[PDB]
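Structure file entry.txt with compact mmCIF, C-alpha atoms and all ligand atoms:
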```txt
# COMPACT_ATOMS: atom_id res chain seq x y z
CA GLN B 457 -111.66 178.16 249.53
CA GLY B 458 -109.79 180.23 246.95
CA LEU B 459 -106.73 179.69 249.16
CA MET B 460 -106.29 176.26 247.57
CA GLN B 461 -106.42 177.76 244.06
CA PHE B 462 -103.70 180.35 244.82
CA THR B 463 -100.10 180.11 243.63
CA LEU B 464 -97.38 182.66 244.35
CA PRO B 465 -96.02 184.79 241.48
CA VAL B 466 -92.62 183.52 240.34
CA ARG B 467 -90.94 186.94 240.58
CA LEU B 468 -91.32 186.94 244.40
CA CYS B 469 -89.87 183.54 245.31
CA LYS B 470 -86.28 184.75 245.72
CA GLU B 471 -87.41 187.96 247.43
CA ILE B 472 -89.36 185.94 250.01
CA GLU B 473 -86.18 184.07 250.97
CA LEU B 474 -84.55 187.36 252.02
CA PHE B 475 -84.62 188.30 255.70
CA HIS B 476 -85.66 191.92 255.06
CA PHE B 477 -88.62 190.96 252.86
CA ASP B 478 -91.67 193.19 253.35
CA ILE B 479 -95.07 191.56 252.82
CA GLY B 480 -96.81 194.94 253.07
CA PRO B 481 -97.51 195.55 249.36
CA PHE B 482 -99.17 192.12 248.87
CA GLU B 483 -102.11 191.93 251.30
CA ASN B 484 -104.17 189.84 248.87
CA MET B 485 -101.46 187.15 248.91
CA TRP B 486 -100.70 187.04 252.67
CA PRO B 487 -102.69 183.80 253.26
CA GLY B 488 -101.04 182.25 250.21
CA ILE B 489 -97.57 183.41 251.26
CA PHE B 490 -98.00 181.39 254.45
CA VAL B 491 -99.09 178.39 252.37
CA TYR B 492 -96.04 178.92 250.16
CA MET B 493 -93.75 179.16 253.19
CA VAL B 494 -95.28 176.04 254.75
CA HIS B 495 -95.00 174.15 251.46
CA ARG B 496 -91.46 175.43 250.88
CA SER B 497 -90.11 174.47 254.32
CA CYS B 498 -92.41 171.64 255.42
CA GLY B 499 -93.35 170.51 251.91
CA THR B 500 -96.62 169.56 250.31
CA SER B 501 -98.27 166.47 251.84
CA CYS B 502 -97.17 167.62 255.30
CA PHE B 503 -100.68 168.90 256.04
CA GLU B 504 -103.94 167.85 254.46
CA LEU B 505 -104.41 170.67 251.96
CA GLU B 506 -108.00 171.69 252.72
CA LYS B 507 -107.64 171.55 256.51
CA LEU B 508 -104.58 173.80 256.23
CA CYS B 509 -106.55 176.42 254.28
CA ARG B 510 -109.52 176.43 256.66
CA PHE B 511 -107.07 176.90 259.54
CA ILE B 512 -105.34 179.89 257.94
CA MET B 513 -108.54 181.70 256.99
CA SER B 514 -110.07 180.92 260.39
CA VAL B 515 -106.86 182.14 262.04
CA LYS B 516 -107.22 185.35 260.03
CA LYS B 517 -110.82 185.84 261.19
CA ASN B 518 -109.71 185.94 264.85
CA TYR B 519 -107.38 188.92 264.27
CA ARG B 520 -108.93 192.30 265.02
CA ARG B 521 -108.50 195.51 263.02
CA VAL B 522 -106.06 196.98 265.56
CA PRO B 523 -103.33 199.17 264.02
CA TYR B 524 -100.35 196.87 264.69
CA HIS B 525 -101.09 193.57 266.48
CA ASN B 526 -103.11 192.32 263.52
CA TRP B 527 -103.08 189.85 260.62
CA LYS B 528 -100.28 191.68 258.80
CA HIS B 529 -98.09 191.33 261.90
CA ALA B 530 -98.79 187.59 262.26
CA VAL B 531 -97.65 186.80 258.71
CA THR B 532 -94.72 189.21 259.06
CA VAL B 533 -93.57 187.36 262.18
CA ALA B 534 -94.20 184.02 260.45
CA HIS B 535 -92.02 185.00 257.48
CA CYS B 536 -88.98 185.82 259.61
CA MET B 537 -89.30 182.45 261.33
CA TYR B 538 -89.46 180.83 257.88
CA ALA B 539 -86.35 182.77 256.88
CA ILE B 540 -84.61 181.61 260.06
CA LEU B 541 -85.63 177.97 259.54
CA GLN B 542 -84.59 177.96 255.88
CA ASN B 543 -81.08 179.22 256.72
CA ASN B 544 -80.73 176.69 259.57
CA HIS B 545 -81.92 173.66 257.63
CA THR B 546 -80.24 170.88 259.62
CA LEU B 547 -80.65 172.05 263.22
CA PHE B 548 -84.44 171.93 263.73
CA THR B 549 -86.77 168.94 263.54
CA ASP B 550 -89.74 168.34 261.27
CA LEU B 551 -92.19 168.81 264.16
CA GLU B 552 -90.40 171.99 265.28
CA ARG B 553 -90.52 173.72 261.88
CA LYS B 554 -94.23 173.12 261.31
CA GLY B 555 -95.04 173.90 264.95
CA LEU B 556 -93.11 177.18 265.01
CA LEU B 557 -94.59 178.45 261.74
CA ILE B 558 -98.06 177.76 263.14
CA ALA B 559 -97.06 179.37 266.45
CA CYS B 560 -95.89 182.62 264.86
CA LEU B 561 -99.08 182.84 262.79
CA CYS B 562 -101.12 182.50 266.00
CA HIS B 563 -98.83 184.22 268.53
CA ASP B 564 -100.99 187.38 268.73
CA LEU B 565 -104.44 185.85 268.25
CA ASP B 566 -107.41 188.09 269.16
CA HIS B 567 -105.23 191.02 270.28
CA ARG B 568 -107.39 193.97 271.33
CA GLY B 569 -104.63 196.55 270.97
CA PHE B 570 -103.86 196.75 274.69
CA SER B 571 -100.75 196.21 276.79
CA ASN B 572 -100.62 193.62 279.53
CA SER B 573 -100.21 196.59 281.89
CA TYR B 574 -103.52 198.09 280.75
CA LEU B 575 -105.51 194.88 281.22
CA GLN B 576 -103.88 194.12 284.59
CA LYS B 577 -104.85 197.64 285.76
CA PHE B 578 -108.41 198.35 284.53
CA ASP B 579 -109.88 195.03 285.81
CA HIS B 580 -110.64 193.43 282.43
CA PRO B 581 -111.96 189.83 282.25
CA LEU B 582 -108.58 188.84 280.78
CA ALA B 583 -106.61 189.94 283.88
CA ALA B 584 -108.90 188.28 286.42
CA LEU B 585 -108.36 185.29 284.08
CA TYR B 586 -104.60 185.02 283.48
CA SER B 587 -102.61 186.85 286.15
CA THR B 588 -99.26 186.69 284.30
CA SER B 589 -98.52 187.04 280.57
CA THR B 590 -102.16 187.96 280.17
CA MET B 591 -102.64 188.20 276.40
CA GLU B 592 -100.18 185.36 275.75
CA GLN B 593 -102.13 182.56 277.43
CA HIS B 594 -105.24 183.90 275.70
CA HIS B 595 -103.36 183.65 272.39
CA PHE B 596 -102.47 179.99 272.97
CA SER B 597 -105.99 179.30 274.23
CA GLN B 598 -107.49 180.77 271.06
CA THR B 599 -105.05 178.58 269.12
CA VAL B 600 -106.12 175.39 270.92
CA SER B 601 -109.71 176.44 270.22
CA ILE B 602 -109.30 176.82 266.45
CA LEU B 603 -107.50 173.48 266.14
CA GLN B 604 -110.46 171.67 267.72
CA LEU B 605 -112.90 173.14 265.19
CA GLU B 606 -114.37 170.72 262.67
CA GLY B 607 -112.10 170.02 259.72
CA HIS B 608 -109.37 172.24 261.18
CA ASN B 609 -107.14 169.86 263.19
CA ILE B 610 -104.12 169.89 260.89
CA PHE B 611 -102.21 167.91 263.54
CA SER B 612 -104.59 165.08 264.50
CA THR B 613 -103.69 163.22 261.28
CA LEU B 614 -100.73 162.50 263.51
CA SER B 615 -100.27 160.68 266.83
CA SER B 616 -101.64 161.68 270.21
CA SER B 617 -97.99 161.51 271.37
CA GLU B 618 -96.57 163.56 268.48
CA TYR B 619 -99.67 165.79 268.98
CA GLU B 620 -98.98 167.16 272.42
CA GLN B 621 -95.30 167.51 271.56
CA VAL B 622 -96.07 170.14 268.91
CA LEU B 623 -98.66 171.79 271.17
CA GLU B 624 -96.24 172.31 274.07
CA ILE B 625 -93.69 173.57 271.52
CA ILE B 626 -96.40 175.95 270.31
CA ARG B 627 -97.32 177.03 273.85
CA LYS B 628 -93.72 177.79 274.87
CA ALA B 629 -93.18 179.76 271.65
CA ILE B 630 -96.32 181.87 272.11
CA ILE B 631 -95.60 182.49 275.81
CA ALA B 632 -92.01 183.46 274.97
CA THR B 633 -93.31 186.41 272.91
CA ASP B 634 -94.04 188.12 276.24
CA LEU B 635 -91.24 190.70 276.17
CA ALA B 636 -91.00 190.84 279.97
CA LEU B 637 -89.81 187.21 279.86
CA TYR B 638 -87.24 187.84 277.12
CA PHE B 639 -84.76 189.78 279.26
CA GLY B 640 -84.20 186.86 281.62
CA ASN B 641 -84.28 184.25 278.85
CA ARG B 642 -81.53 186.06 276.94
CA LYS B 643 -79.25 186.71 279.93
CA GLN B 644 -79.09 182.97 280.63
CA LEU B 645 -78.46 182.24 276.94
CA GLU B 646 -75.61 184.76 277.05
CA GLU B 647 -74.06 183.04 280.08
CA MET B 648 -74.23 179.52 278.62
CA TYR B 649 -72.31 180.78 275.58
CA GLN B 650 -69.67 182.37 277.82
CA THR B 651 -68.96 179.15 279.74
CA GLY B 652 -69.68 176.95 276.72
CA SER B 653 -72.64 175.33 278.50
CA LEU B 654 -75.00 175.59 275.50
CA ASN B 655 -76.30 172.14 274.51
CA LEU B 656 -78.55 171.72 271.49
CA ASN B 657 -79.39 168.21 272.73
CA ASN B 658 -80.60 169.58 276.08
CA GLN B 659 -84.28 170.26 275.45
CA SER B 660 -84.60 173.03 278.04
CA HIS B 661 -81.85 174.84 276.12
CA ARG B 662 -83.79 174.29 272.88
CA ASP B 663 -86.79 176.04 274.46
CA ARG B 664 -84.65 179.03 275.43
CA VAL B 665 -83.18 179.17 271.91
CA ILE B 666 -86.63 178.99 270.31
CA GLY B 667 -87.90 181.67 272.69
CA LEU B 668 -85.18 184.03 271.49
CA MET B 669 -86.08 183.18 267.90
CA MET B 670 -89.67 183.99 268.85
CA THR B 671 -88.49 187.34 270.23
CA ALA B 672 -86.44 187.92 267.07
CA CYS B 673 -89.32 187.30 264.64
CA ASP B 674 -91.70 189.28 266.86
CA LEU B 675 -89.52 192.40 266.55
CA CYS B 676 -88.45 191.68 262.96
CA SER B 677 -89.90 194.99 261.72
CA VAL B 678 -86.64 196.60 262.90
CA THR B 679 -84.76 194.30 260.48
CA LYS B 680 -86.49 195.65 257.36
CA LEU B 681 -85.30 198.36 255.00
CA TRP B 682 -85.45 201.86 256.46
CA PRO B 683 -88.61 203.01 254.58
CA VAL B 684 -90.51 199.92 255.75
CA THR B 685 -89.20 199.99 259.33
CA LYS B 686 -90.09 203.69 259.62
CA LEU B 687 -93.70 203.27 258.48
CA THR B 688 -94.30 200.25 260.72
CA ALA B 689 -93.19 202.34 263.71
CA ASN B 690 -96.19 204.59 263.06
CA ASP B 691 -98.49 201.58 263.40
CA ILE B 692 -97.29 200.44 266.82
CA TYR B 693 -97.31 204.00 268.21
CA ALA B 694 -100.85 204.60 266.94
CA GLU B 695 -101.91 201.51 268.89
CA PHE B 696 -99.90 202.63 271.94
CA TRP B 697 -101.22 206.21 271.96
CA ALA B 698 -104.78 204.91 271.59
CA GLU B 699 -104.21 202.88 274.76
CA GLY B 700 -102.76 206.00 276.39
CA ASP B 701 -105.77 208.00 275.21
CA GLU B 702 -108.09 205.60 277.05
CA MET B 703 -105.97 206.18 280.16
CA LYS B 704 -106.32 209.98 279.98
CA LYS B 705 -110.11 209.64 279.82
CA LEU B 706 -109.98 208.15 283.34
CA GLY B 707 -107.67 210.84 284.74
CA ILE B 708 -104.65 208.53 284.45
CA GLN B 709 -101.45 209.93 282.97
CA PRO B 710 -99.84 207.36 280.64
CA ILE B 711 -96.12 206.71 280.47
CA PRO B 712 -94.54 208.92 277.75
CA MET B 713 -94.32 205.93 275.39
CA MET B 714 -98.14 205.78 275.36
CA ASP B 715 -98.50 209.59 275.23
CA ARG B 716 -99.18 211.02 271.77
CA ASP B 717 -98.38 214.50 273.10
CA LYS B 718 -94.73 213.40 273.41
CA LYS B 719 -94.29 212.34 269.77
CA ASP B 720 -91.07 214.33 269.42
CA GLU B 721 -89.12 211.91 271.67
CA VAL B 722 -89.94 208.83 269.56
CA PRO B 723 -86.53 208.95 267.76
CA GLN B 724 -84.61 208.91 271.04
CA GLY B 725 -87.11 206.27 272.17
CA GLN B 726 -86.38 203.95 269.27
CA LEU B 727 -82.61 204.35 269.70
CA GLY B 728 -82.95 203.39 273.36
CA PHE B 729 -85.10 200.39 272.45
CA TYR B 730 -82.64 199.24 269.77
CA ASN B 731 -79.68 199.40 272.15
CA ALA B 732 -81.47 197.95 275.19
CA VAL B 733 -83.60 195.27 273.50
CA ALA B 734 -83.20 194.86 269.74
CA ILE B 735 -79.41 194.79 269.33
CA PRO B 736 -78.85 192.37 272.27
CA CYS B 737 -81.51 189.99 270.93
CA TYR B 738 -80.17 189.69 267.38
CA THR B 739 -76.56 189.68 268.60
CA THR B 740 -77.34 186.71 270.86
CA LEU B 741 -79.28 184.98 268.08
CA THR B 742 -76.40 185.56 265.66
CA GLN B 743 -73.89 184.01 268.08
CA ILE B 744 -75.98 180.85 268.45
CA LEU B 745 -77.12 180.79 264.80
CA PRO B 746 -74.55 182.56 262.58
CA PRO B 747 -76.77 182.36 259.45
CA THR B 748 -79.11 184.89 261.14
CA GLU B 749 -76.49 187.64 260.79
CA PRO B 750 -78.44 189.75 258.21
CA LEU B 751 -81.06 190.45 260.90
CA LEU B 752 -78.38 191.95 263.15
CA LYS B 753 -76.93 193.93 260.23
CA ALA B 754 -80.31 195.30 259.15
CA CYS B 755 -81.04 196.27 262.76
CA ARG B 756 -77.72 198.13 262.94
CA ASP B 757 -78.64 199.92 259.69
CA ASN B 758 -81.91 201.09 261.24
CA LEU B 759 -80.24 202.21 264.47
CA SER B 760 -77.95 204.51 262.47
CA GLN B 761 -81.05 205.89 260.75
CA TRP B 762 -82.64 206.74 264.10
CA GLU B 763 -79.25 208.20 265.04
CA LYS B 764 -79.45 210.53 262.03
CA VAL B 765 -83.03 211.56 262.84
CA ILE B 766 -82.02 212.69 266.34
CA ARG B 767 -79.03 214.68 265.08
CA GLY B 768 -80.63 216.03 261.90
CA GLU B 769 -77.85 214.34 259.90
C1 LIG C 801 -92.94 193.31 272.53
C2 LIG C 801 -92.82 194.78 272.23
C3 LIG C 801 -92.47 195.23 270.96
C4 LIG C 801 -92.38 196.60 270.73
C5 LIG C 801 -92.05 197.09 269.37
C6 LIG C 801 -92.08 196.38 268.19
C7 LIG C 801 -91.71 197.29 267.19
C8 LIG C 801 -91.61 197.07 265.72
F1 LIG C 801 -92.78 197.23 265.11
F2 LIG C 801 -90.77 197.91 265.14
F3 LIG C 801 -91.19 195.85 265.42
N1 LIG C 801 -91.44 198.49 267.68
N2 LIG C 801 -91.66 198.36 269.04
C9 LIG C 801 -91.50 199.51 269.86
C10 LIG C 801 -92.55 200.42 269.99
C11 LIG C 801 -92.41 201.53 270.81
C12 LIG C 801 -91.23 201.73 271.50
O1 LIG C 801 -91.20 202.86 272.28
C13 LIG C 801 -89.95 203.24 272.87
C14 LIG C 801 -90.12 204.63 273.43
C15 LIG C 801 -89.57 204.98 274.66
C16 LIG C 801 -89.78 206.25 275.16
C17 LIG C 801 -89.15 206.65 276.46
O2 LIG C 801 -89.57 206.23 277.53
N3 LIG C 801 -88.12 207.50 276.37
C18 LIG C 801 -87.23 207.62 275.21
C19 LIG C 801 -86.52 208.77 275.95
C20 LIG C 801 -84.99 208.77 276.12
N4 LIG C 801 -84.88 209.98 275.23
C21 LIG C 801 -86.38 210.12 275.23
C22 LIG C 801 -87.48 208.58 277.14
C23 LIG C 801 -90.55 207.17 274.41
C24 LIG C 801 -90.83 208.50 274.81
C25 LIG C 801 -91.58 209.32 274.03
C26 LIG C 801 -92.09 208.88 272.82
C27 LIG C 801 -91.84 207.61 272.38
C28 LIG C 801 -91.07 206.72 273.17
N5 LIG C 801 -90.85 205.45 272.69
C29 LIG C 801 -90.18 200.83 271.38
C30 LIG C 801 -90.32 199.73 270.56
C31 LIG C 801 -92.66 197.47 271.77
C32 LIG C 801 -93.00 196.94 272.99
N6 LIG C 801 -93.09 195.63 273.24
MG MG C 802 -98.06 188.88 271.74
ZN ZN C 803 -96.28 189.83 268.49
```
Would you write the structure of this file as structure tokens?
Ligand SMILES: Cc1cc(-c2cc(C(F)(F)F)nn2-c2ccc(OCc3cc(C(=O)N4CC5(CNC5)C4)c4ccccc4n3)cc2)ccn1
Ligand SMILES: [Mg+2]
Ligand SMILES: [Zn+2]
Amino acid sequence: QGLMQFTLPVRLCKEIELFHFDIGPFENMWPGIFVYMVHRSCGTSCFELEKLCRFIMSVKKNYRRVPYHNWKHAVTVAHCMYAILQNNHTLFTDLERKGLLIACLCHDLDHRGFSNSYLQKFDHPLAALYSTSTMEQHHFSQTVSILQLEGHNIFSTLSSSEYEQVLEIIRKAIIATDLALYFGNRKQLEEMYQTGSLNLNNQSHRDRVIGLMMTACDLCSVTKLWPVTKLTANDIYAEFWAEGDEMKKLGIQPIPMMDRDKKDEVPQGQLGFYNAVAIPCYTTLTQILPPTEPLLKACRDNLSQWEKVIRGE
């Protein structure tokens, strides 16, 4: 695999450490950037080199050519996690860092470009399969599958006790990317910080904290520079409207978010999403992990930009 023979250009190493880094212009290097981020945080000799490169390229194969939930989004989510882990060096374990970077790379595995609402409505084999968090359990299942391929188990050169630790950590992280679960997860995190009940030693509090980090990296396109954040918004709407198009073909009227005929209300839609979802998430993450403040600042910068779009300013 050429992945082994790849090294990152020196001029990008400081740019990759920035929270608002955009991997967009470097598609050829995306598999190597993940190797670089694994080797930077976890170090070389953490994974057997060849098995790590099979895994990444196999992980890439199982990402479809959907407009948003694709291979570019997996590495983009994985970079923000790497940026979070690098700026919180002492507060996460060795098995957490390597598990979470793998989880973010696999958190949207085999996405077809469809909401959980769509699948749980048009009787798809995935919704008769997993009744809740439909795509999420399929993502973790596809992850367990790839690990068990020949010469791919990057984690079985490790205990069968340390093994199922990292796999549960991976499962929780991938399940936590279900946005419907984020609202409750965050409101309990907010309360524990009010009363001072947040315990890093308590492992069920760790899982809530990681889940919010998973939500933060999943939405990290709002924490990029305005030209990058704007263009990415086109990608997720093109995948939404395509799902809404398939609903109109059955006589079903989609919700305006999935309706391409209501493009003009996207700016007011983003502003509502930032205030209801994005800003609370990064504000809560910043309170628990102060070094994650640039994500909250960059999100504020993009909210003001959507503010200007609405007003013509
Ligand atoms: C896990 C997850 C992530 C994302 C996500 C990631 C990212 C990014 F890639 F950036 F990271 N973005 N998103 C994202 C995509 C579309 C969104 O859509 C909001 C909206 C609402 C209305 C509406 O109902 N409204 C607004 C209204 C009040 N004045 C008009 C009525 C809407 C209406 C018309 C047109 C467009 C509209 N869009 C919001 C966010 C999305 C969903 N789940
Ligand atoms: Mg997902
Ligand atoms: Zn995702």
Atom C25 of ligand LIG 801 (chain C) to atom CA of residue B:702: how many Å, to one decimal? 17.2 Å
If we draw a sphere of 8 Å around (-86.5, 193.5, 272.2), which residues have at least one atom in it when counting all atoms listed in the file? Please report them as a VMD selection string. chain B and resid 635 638 671 to 672 675 729 to 730 732 to 737
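Taking all atoms listed in the file into account, the residues that come within 8 Å of ligand MG 802 (chain C) are residues 525, 563, 564, 565, 567, 591, 592, 595, 630, 631, 633 and 634 of chain B.
You can rank B:704, B:535, B:686, B:520 by their closest distance to residue B:472 using all atoms listed in the file, and at the top of that list sits B:535.
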For residue B:469, work out the shell of residues within 10 Å, counting only C-alpha atoms and skipping chain neighbours fewer than 6 positions away, then give it as an MDAnalysis selection string. chainID B and resid 489 492:493 496
Check which residues fall inside 8 Å of ligand LIG 801 (chain C) when counting all atoms listed in the file, and print them as number ranges by chain. B: 524, 633-635, 671, 674-678, 685, 688-689, 691-693, 696, 711-716, 718-730
Limited to C-alpha atoms, could you put the picked residues into a file as a PDB file, in the coordinates of the input?
```pdb
ATOM      1  CA  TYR B 524    -100.350 196.870 264.690  1.00  0.00           C
ATOM      2  CA  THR B 633     -93.310 186.410 272.910  1.00  0.00           C
ATOM      3  CA  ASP B 634     -94.040 188.120 276.240  1.00  0.00           C
ATOM      4  CA  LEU B 635     -91.240 190.700 276.170  1.00  0.00           C
ATOM      5  CA  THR B 671     -88.490 187.340 270.230  1.00  0.00           C
ATOM      6  CA  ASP B 674     -91.700 189.280 266.860  1.00  0.00           C
ATOM      7  CA  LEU B 675     -89.520 192.400 266.550  1.00  0.00           C
ATOM      8  CA  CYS B 676     -88.450 191.680 262.960  1.00  0.00           C
ATOM      9  CA  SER B 677     -89.900 194.990 261.720  1.00  0.00           C
ATOM     10  CA  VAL B 678     -86.640 196.600 262.900  1.00  0.00           C
ATOM     11  CA  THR B 685     -89.200 199.990 259.330  1.00  0.00           C
ATOM     12  CA  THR B 688     -94.300 200.250 260.720  1.00  0.00           C
ATOM     13  CA  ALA B 689     -93.190 202.340 263.710  1.00  0.00           C
ATOM     14  CA  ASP B 691     -98.490 201.580 263.400  1.00  0.00           C
ATOM     15  CA  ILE B 692     -97.290 200.440 266.820  1.00  0.00           C
ATOM     16  CA  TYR B 693     -97.310 204.000 268.210  1.00  0.00           C
ATOM     17  CA  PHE B 696     -99.900 202.630 271.940  1.00  0.00           C
ATOM     18  CA  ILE B 711     -96.120 206.710 280.470  1.00  0.00           C
ATOM     19  CA  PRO B 712     -94.540 208.920 277.750  1.00  0.00           C
ATOM     20  CA  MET B 713     -94.320 205.930 275.390  1.00  0.00           C
ATOM     21  CA  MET B 714     -98.140 205.780 275.360  1.00  0.00           C
ATOM     22  CA  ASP B 715     -98.500 209.590 275.230  1.00  0.00           C
ATOM     23  CA  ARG B 716     -99.180 211.020 271.770  1.00  0.00           C
ATOM     24  CA  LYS B 718     -94.730 213.400 273.410  1.00  0.00           C
ATOM     25  CA  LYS B 719     -94.290 212.340 269.770  1.00  0.00           C
ATOM     26  CA  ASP B 720     -91.070 214.330 269.420  1.00  0.00           C
ATOM     27  CA  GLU B 721     -89.120 211.910 271.670  1.00  0.00           C
ATOM     28  CA  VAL B 722     -89.940 208.830 269.560  1.00  0.00           C
ATOM     29  CA  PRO B 723     -86.530 208.950 267.760  1.00  0.00           C
ATOM     30  CA  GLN B 724     -84.610 208.910 271.040  1.00  0.00           C
ATOM     31  CA  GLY B 725     -87.110 206.270 272.170  1.00  0.00           C
ATOM     32  CA  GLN B 726     -86.380 203.950 269.270  1.00  0.00           C
ATOM     33  CA  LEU B 727     -82.610 204.350 269.700  1.00  0.00           C
ATOM     34  CA  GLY B 728     -82.950 203.390 273.360  1.00  0.00           C
ATOM     35  CA  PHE B 729     -85.100 200.390 272.450  1.00  0.00           C
ATOM     36  CA  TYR B 730     -82.640 199.240 269.770  1.00  0.00           C
TER      37      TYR B 730
END
```
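Atom pair atom CA of residue B:462 / atom CA of residue B:486: separated by 10.7 Å.
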Contacts of residue B:755 at 7 Å or less, counting all atoms listed in the file, minus same-chain residues fewer than 3 places along, as a CSV table (one decimal) with C-alpha atoms, in the coordinates of the input?
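Written output follows (result_37.csv):
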```csv
chain,number,residue,atom,x,y,z
B,678,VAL,CA,-86.6,196.6,262.9
B,679,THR,CA,-84.8,194.3,260.5
B,735,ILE,CA,-79.4,194.8,269.3
B,751,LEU,CA,-81.1,190.4,260.9
B,752,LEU,CA,-78.4,192.0,263.2
B,758,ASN,CA,-81.9,201.1,261.2
B,759,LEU,CA,-80.2,202.2,264.5
```
Looking at all atoms listed in the file, which of B:505, B:585, B:681, B:498 is the one that sits closest to residue B:552? B:498
